[PDB]
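*Asks:* Here it is, the structure in full.
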Number of protein chains: 2
Amino acid sequence: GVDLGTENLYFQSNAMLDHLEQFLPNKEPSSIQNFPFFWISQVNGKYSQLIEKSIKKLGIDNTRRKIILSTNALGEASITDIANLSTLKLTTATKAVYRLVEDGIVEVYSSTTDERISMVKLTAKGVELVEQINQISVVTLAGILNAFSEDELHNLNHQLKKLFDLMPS
Amino acid sequence: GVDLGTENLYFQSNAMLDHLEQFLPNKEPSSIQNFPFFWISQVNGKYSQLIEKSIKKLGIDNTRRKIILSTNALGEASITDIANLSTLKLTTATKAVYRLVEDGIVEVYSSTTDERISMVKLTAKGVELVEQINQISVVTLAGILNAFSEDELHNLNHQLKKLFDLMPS
Ligand SMILES: O=C(O)Cc1c[nH]c2ccccc12
Ligand SMILES: O=C(O)Cc1c[nH]c2ccccc12
Ligand code: NI
Ligand code: NI
């Protein structure tokens, strides 16, 4: 029984349920490998270990790495926005931003449009560390992503986006 | 400079680097949305919030949920194997298994082939909670995954697997 945004409760078609059972973990030892979120979780976890392990050298962690690349891409950003893009809790994000200010990697500054919003931007040191991050990326990633065509990867991004956009909160 | 498993260091072709730069976060505000791991991370995080939030009712968390569905699919499993499949640290896994024994959801038992290996299996209560997990899955997931064809989803699983298999440790 779902509500689909209403004051009533709806029991979905046995069709929707059959299709969904083609993908759900069940009593069969290989059900799990049909589940797209299983694979998203497994890929995220194996990737997370790889990147943490190799970004080691630069004496930062992947939390700081994402903050820096989000600031880089955006130029100036909402700590909020950086957190969002970096898949972080706002508290985790704020904590790591100040750790990067303390290291002289980013400048934080009151937003000109609205003093409350803390904007973030790189320092000269921030920018050199970006190229270092990009080079460690080259090393660890070039083989993996050169194993796919431009078509496969753009398609995969599209499907991941479609998934991301159907989920709510 | 990479080693590719040898005693020498190799500088990859400017080709591999150009292709890789089609996908990496860079100074362009939309570089990030070309990056497959960005999307894997974002989907994993949005999914994680959704499932934790809705598995709430059953008074378990998604860590326990995955343990139960891995035990379910396998019948009897290595706590090791359950941890692996559930994308958990072995310590996290062992901790949650005993929490589920304490709740009478799983039986733990010395492996018949090798007494050290702790095997896990469901209880009658475990099995009823499986169908409850499957029904909460129906509610929260049926819409999202009925938004894709069988072809799109099997393809997406395949590409995620290919990624998972090229990464190492
Ligand atoms: O969190 C999820 O739903 C995905 C997932 C990762 N490992 C799993 C093991 C069993 C069932 C689902 C999953
Ligand atoms: O962890 C990753 O590499 C993926 C990712 C998630 N959010 C990001 C923001 C900027 C750059 C990469 C990422
Ligand atoms: Ni997960
Ligand atoms: Ni990540």
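Ordering of the structure tokens sets the chain letters (A, B, ...); residue numbers start at 1 within each chain; ligands are numbered from 1 in the order shown.
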Hey, could you make a per-residue contact list for chain B against chain A with 6 Å as the cut-off, showing the nearest pair of atoms and its distance in Å to one decimal, counting only C-alpha atoms, sorted by chain and number, as a tab-separated table?
*Replies:*
residue	atom	partner	partner_atom	distance
B:2	CA	A:139	CA	5.7
B:20	CA	A:142	CA	6.0
B:26	CA	A:73	CA	5.5
B:27	CA	A:73	CA	4.3
B:28	CA	A:73	CA	5.0
B:29	CA	A:73	CA	4.5
B:36	CA	A:157	CA	5.7
B:39	CA	A:160	CA	5.9
B:40	CA	A:40	CA	5.8
B:41	CA	A:44	CA	6.0
B:43	CA	A:164	CA	5.2
B:44	CA	A:41	CA	6.0
B:72	CA	A:27	CA	5.4
B:73	CA	A:27	CA	4.3
B:74	CA	A:29	CA	4.8
B:139	CA	A:2	CA	5.7
B:142	CA	A:20	CA	6.0
B:144	CA	A:166	CA	5.9
B:157	CA	A:36	CA	5.7
B:160	CA	A:39	CA	5.9
B:164	CA	A:43	CA	5.2
B:166	CA	A:144	CA	5.9
*Asks:* Could you give me the residues within chain A that DSSP places in strand (DSSP E or B), as a list in words?
*Replies:*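 Residues of chain A classed as strand (DSSP E or B): residues 2, 10, 77, 78, 106, 107, 108, 109, 110, 118, 119, 120, 121 and 122 of chain A.
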*Asks:* Any chance you could fit chain A onto chain B with least squares, all Cα atoms in order, and share the moved copy as a short mmCIF file (atom, residue, chain, number, x, y, z; two decimals) with C-alpha atoms, in the first residue's frame?
*Replies:*
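Listing of part-v9.cif after writing:
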data_model
loop_
_atom_site.label_atom_id
_atom_site.label_comp_id
_atom_site.auth_asym_id
_atom_site.auth_seq_id
_atom_site.Cartn_x
_atom_site.Cartn_y
_atom_site.Cartn_z
CA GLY A 1 53.83 7.94 -13.95
CA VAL A 2 52.22 4.46 -13.20
CA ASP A 3 53.98 1.04 -12.70
CA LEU A 4 51.14 -1.30 -14.05
CA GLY A 5 52.54 -4.10 -11.75
CA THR A 6 56.27 -3.78 -12.75
CA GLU A 7 59.62 -2.33 -11.49
CA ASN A 8 59.43 0.52 -14.15
CA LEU A 9 57.22 3.74 -14.35
CA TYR A 10 55.11 4.51 -17.37
CA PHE A 11 53.68 7.88 -18.63
CA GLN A 12 50.34 7.20 -20.38
CA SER A 13 49.55 8.46 -23.94
CA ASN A 14 48.06 12.00 -24.34
CA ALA A 15 45.12 10.10 -25.97
CA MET A 16 44.26 8.24 -22.69
CA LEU A 17 44.60 11.59 -20.84
CA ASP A 18 42.35 13.54 -23.41
CA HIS A 19 39.66 10.81 -23.14
CA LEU A 20 39.95 10.84 -19.36
CA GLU A 21 39.65 14.72 -19.35
CA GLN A 22 36.26 14.30 -21.11
CA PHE A 23 35.12 12.78 -17.79
CA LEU A 24 37.08 14.52 -14.99
CA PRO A 25 35.99 17.38 -12.77
CA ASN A 26 37.86 20.49 -13.95
CA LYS A 27 37.47 24.33 -13.93
CA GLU A 28 34.13 24.04 -15.91
CA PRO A 29 30.97 24.24 -13.72
CA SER A 30 29.50 21.15 -15.52
CA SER A 31 32.70 18.94 -15.55
CA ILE A 32 31.40 17.12 -12.40
CA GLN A 33 28.23 15.83 -14.14
CA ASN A 34 30.42 14.04 -16.72
CA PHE A 35 32.08 11.92 -13.97
CA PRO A 36 30.62 8.42 -13.54
CA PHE A 37 31.78 8.11 -9.91
CA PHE A 38 30.09 11.39 -9.08
CA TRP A 39 26.78 9.93 -10.17
CA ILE A 40 27.47 6.54 -8.43
CA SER A 41 28.17 8.46 -5.18
CA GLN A 42 25.11 10.73 -5.56
CA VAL A 43 22.80 7.79 -6.37
CA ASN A 44 24.21 5.70 -3.51
CA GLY A 45 23.72 8.58 -1.04
CA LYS A 46 20.17 9.45 -2.13
CA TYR A 47 19.25 5.73 -2.14
CA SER A 48 20.85 5.23 1.31
CA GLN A 49 18.72 8.06 2.83
CA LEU A 50 15.55 6.66 1.15
CA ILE A 51 16.02 3.09 2.35
CA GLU A 52 17.18 3.96 5.95
CA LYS A 53 14.16 6.36 6.20
CA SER A 54 11.58 3.74 5.06
CA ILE A 55 13.08 0.59 6.68
CA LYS A 56 12.64 2.62 9.91
CA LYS A 57 9.20 1.00 10.54
CA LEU A 58 10.60 -2.58 10.91
CA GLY A 59 13.00 -1.21 13.64
CA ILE A 60 16.12 -2.21 11.75
CA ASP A 61 18.66 -0.16 9.73
CA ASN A 62 19.97 -0.75 6.21
CA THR A 63 23.12 -2.47 7.61
CA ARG A 64 20.98 -5.18 9.20
CA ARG A 65 18.66 -5.19 6.13
CA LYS A 66 21.52 -6.12 3.79
CA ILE A 67 22.81 -8.78 6.20
CA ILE A 68 19.38 -10.40 6.25
CA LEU A 69 18.92 -10.29 2.42
CA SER A 70 22.49 -11.68 1.87
CA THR A 71 21.76 -14.58 4.34
CA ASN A 72 18.37 -15.04 2.61
CA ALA A 73 19.89 -15.23 -0.93
CA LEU A 74 22.77 -17.50 0.17
CA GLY A 75 20.81 -19.65 2.67
CA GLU A 76 23.93 -20.06 4.94
CA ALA A 77 26.93 -17.64 4.74
CA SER A 78 30.35 -16.77 6.01
CA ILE A 79 29.87 -13.60 8.11
CA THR A 80 32.83 -12.63 5.87
CA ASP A 81 30.76 -13.24 2.75
CA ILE A 82 27.71 -11.42 4.15
CA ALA A 83 29.95 -8.42 5.01
CA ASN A 84 31.47 -8.45 1.45
CA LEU A 85 28.05 -8.65 -0.20
CA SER A 86 26.60 -6.05 2.17
CA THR A 87 29.51 -3.60 1.44
CA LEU A 88 30.46 -3.60 5.17
CA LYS A 89 33.65 -3.76 7.26
CA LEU A 90 33.91 -7.24 8.81
CA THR A 91 33.75 -5.60 12.31
CA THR A 92 30.55 -3.62 11.43
CA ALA A 93 29.08 -6.89 10.02
CA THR A 94 30.00 -9.07 13.05
CA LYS A 95 28.60 -6.38 15.40
CA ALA A 96 25.22 -6.27 13.53
CA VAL A 97 24.99 -10.09 13.20
CA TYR A 98 25.17 -10.50 17.00
CA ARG A 99 22.61 -7.67 17.34
CA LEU A 100 20.35 -9.78 15.05
CA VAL A 101 21.04 -12.99 17.02
CA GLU A 102 20.12 -11.06 20.21
CA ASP A 103 16.82 -10.12 18.36
CA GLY A 104 16.34 -13.81 17.26
CA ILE A 105 16.53 -12.86 13.50
CA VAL A 106 19.52 -15.09 12.59
CA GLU A 107 21.27 -18.12 14.13
CA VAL A 108 25.07 -18.02 14.12
CA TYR A 109 26.81 -21.41 14.16
CA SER A 110 30.30 -22.83 13.84
CA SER A 111 30.93 -23.94 10.20
CA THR A 112 30.77 -27.77 9.78
CA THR A 113 33.61 -27.68 7.11
CA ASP A 114 35.83 -25.37 9.44
CA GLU A 115 34.78 -24.48 13.10
CA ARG A 116 36.42 -20.96 12.93
CA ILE A 117 34.13 -19.67 10.10
CA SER A 118 30.89 -18.37 11.76
CA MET A 119 27.99 -19.32 9.47
CA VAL A 120 24.75 -17.31 9.59
CA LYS A 121 21.21 -18.42 8.71
CA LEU A 122 17.73 -16.96 9.32
CA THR A 123 15.21 -18.05 11.94
CA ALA A 124 11.50 -18.46 11.24
CA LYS A 125 11.34 -14.86 12.59
CA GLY A 126 14.15 -13.98 10.14
CA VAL A 127 12.09 -15.31 7.19
CA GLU A 128 8.90 -13.36 8.16
CA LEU A 129 11.04 -10.21 8.47
CA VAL A 130 12.44 -10.93 4.93
CA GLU A 131 8.88 -10.76 3.47
CA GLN A 132 8.37 -7.54 5.45
CA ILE A 133 11.59 -6.11 3.98
CA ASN A 134 10.42 -7.24 0.48
CA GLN A 135 7.08 -5.49 0.96
CA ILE A 136 8.66 -2.20 2.14
CA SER A 137 10.92 -2.56 -0.98
CA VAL A 138 7.76 -2.92 -3.15
CA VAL A 139 6.31 0.34 -1.72
CA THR A 140 9.44 2.52 -1.92
CA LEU A 141 11.08 1.01 -5.10
CA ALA A 142 8.40 -0.22 -7.54
CA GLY A 143 7.80 3.24 -9.12
CA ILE A 144 11.53 4.03 -9.52
CA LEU A 145 12.55 0.70 -11.13
CA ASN A 146 9.27 0.37 -13.21
CA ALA A 147 10.47 3.71 -14.77
CA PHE A 148 13.17 1.64 -16.64
CA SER A 149 12.95 -1.20 -19.19
CA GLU A 150 14.43 -4.68 -18.46
CA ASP A 151 17.04 -3.82 -21.15
CA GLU A 152 18.17 -0.53 -19.52
CA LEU A 153 18.47 -2.13 -16.08
CA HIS A 154 20.33 -5.29 -17.20
CA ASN A 155 22.68 -3.10 -19.22
CA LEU A 156 23.26 -0.80 -16.21
CA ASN A 157 24.08 -3.83 -13.97
CA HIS A 158 26.54 -5.03 -16.64
CA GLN A 159 28.39 -1.67 -16.84
CA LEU A 160 28.48 -1.35 -13.05
CA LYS A 161 29.92 -4.88 -12.85
CA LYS A 162 32.58 -4.07 -15.51
CA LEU A 163 33.63 -1.02 -13.45
CA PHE A 164 33.68 -3.05 -10.21
CA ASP A 165 35.87 -5.73 -11.86
CA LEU A 166 38.51 -3.28 -13.21
CA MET A 167 39.16 -1.73 -9.77
CA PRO A 168 41.73 -3.61 -7.64
CA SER A 169 42.28 -3.92 -3.88
#
*Asks:* Which parts of segment 45-147 of chain A does DSSP call alpha helix (DSSP H) when run on the backbone here, written out as a VMD selection string?
*Replies:* chain A and resid 45 to 55 62 to 74 79 to 85 90 to 102 124 to 146
*Asks:* Please produce a file of the residues just selected, as a tab-separated table (two decimals), in the first residue's frame, where the atoms kept are C-alpha atoms.
*Replies:*
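What ended up in again_4.tsv:
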chain	number	residue	atom	x	y	z
A	45	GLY	CA	32.69	1.23	-1.89
A	46	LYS	CA	35.47	-0.19	-4.06
A	47	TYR	CA	36.02	3.26	-5.64
A	48	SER	CA	36.04	4.94	-2.20
A	49	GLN	CA	38.81	2.58	-0.94
A	50	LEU	CA	40.84	3.14	-4.17
A	51	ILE	CA	40.67	6.93	-4.08
A	52	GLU	CA	41.25	7.32	-0.26
A	53	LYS	CA	44.24	4.91	-0.59
A	54	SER	CA	45.88	6.84	-3.49
A	55	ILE	CA	45.00	10.44	-2.47
A	62	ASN	CA	38.50	12.07	-0.31
A	63	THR	CA	36.14	14.37	1.70
A	64	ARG	CA	38.56	17.28	1.27
A	65	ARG	CA	39.31	16.15	-2.34
A	66	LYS	CA	35.66	16.51	-3.37
A	67	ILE	CA	35.36	19.87	-1.61
A	68	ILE	CA	38.34	21.18	-3.56
A	69	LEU	CA	37.11	19.83	-6.96
A	70	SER	CA	33.56	21.24	-6.32
A	71	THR	CA	35.07	24.70	-5.46
A	72	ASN	CA	37.34	24.35	-8.53
A	73	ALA	CA	34.43	23.53	-10.93
A	74	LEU	CA	32.15	26.23	-9.47
A	79	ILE	CA	29.48	25.56	1.54
A	80	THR	CA	25.92	24.15	1.22
A	81	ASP	CA	26.39	23.60	-2.50
A	82	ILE	CA	29.87	22.09	-2.06
A	83	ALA	CA	28.45	19.69	0.58
A	84	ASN	CA	25.54	18.71	-1.79
A	85	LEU	CA	27.89	18.13	-4.72
A	90	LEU	CA	26.62	20.06	5.87
A	91	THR	CA	28.39	19.59	9.28
A	92	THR	CA	31.03	17.21	7.77
A	93	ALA	CA	31.50	19.74	4.92
A	94	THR	CA	31.83	22.83	7.18
A	95	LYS	CA	34.29	20.92	9.42
A	96	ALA	CA	36.54	19.98	6.41
A	97	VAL	CA	36.32	23.48	4.83
A	98	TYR	CA	37.76	25.07	8.00
A	99	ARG	CA	40.42	22.31	8.07
A	100	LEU	CA	41.31	23.43	4.49
A	101	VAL	CA	41.30	27.13	5.44
A	102	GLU	CA	43.66	26.24	8.36
A	124	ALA	CA	46.99	29.79	-5.27
A	125	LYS	CA	47.97	26.80	-3.07
A	126	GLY	CA	44.46	25.40	-3.65
A	127	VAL	CA	44.93	25.58	-7.46
A	128	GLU	CA	48.37	23.80	-7.40
A	129	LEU	CA	46.81	21.08	-5.22
A	130	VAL	CA	43.97	20.75	-7.84
A	131	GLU	CA	46.55	19.87	-10.55
A	132	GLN	CA	48.10	17.40	-8.10
A	133	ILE	CA	44.67	15.83	-7.50
A	134	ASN	CA	44.13	15.71	-11.31
A	135	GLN	CA	47.47	13.96	-11.80
A	136	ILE	CA	46.80	11.33	-9.09
A	137	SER	CA	43.40	10.86	-10.86
A	138	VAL	CA	45.28	10.28	-14.18
A	139	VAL	CA	47.44	7.55	-12.57
A	140	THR	CA	44.70	5.64	-10.70
A	141	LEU	CA	41.74	6.20	-13.16
A	142	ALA	CA	43.00	6.40	-16.77
A	143	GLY	CA	43.11	2.58	-17.27
A	144	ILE	CA	39.65	1.98	-15.75
A	145	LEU	CA	37.80	4.70	-17.72
A	146	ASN	CA	39.81	4.12	-21.00
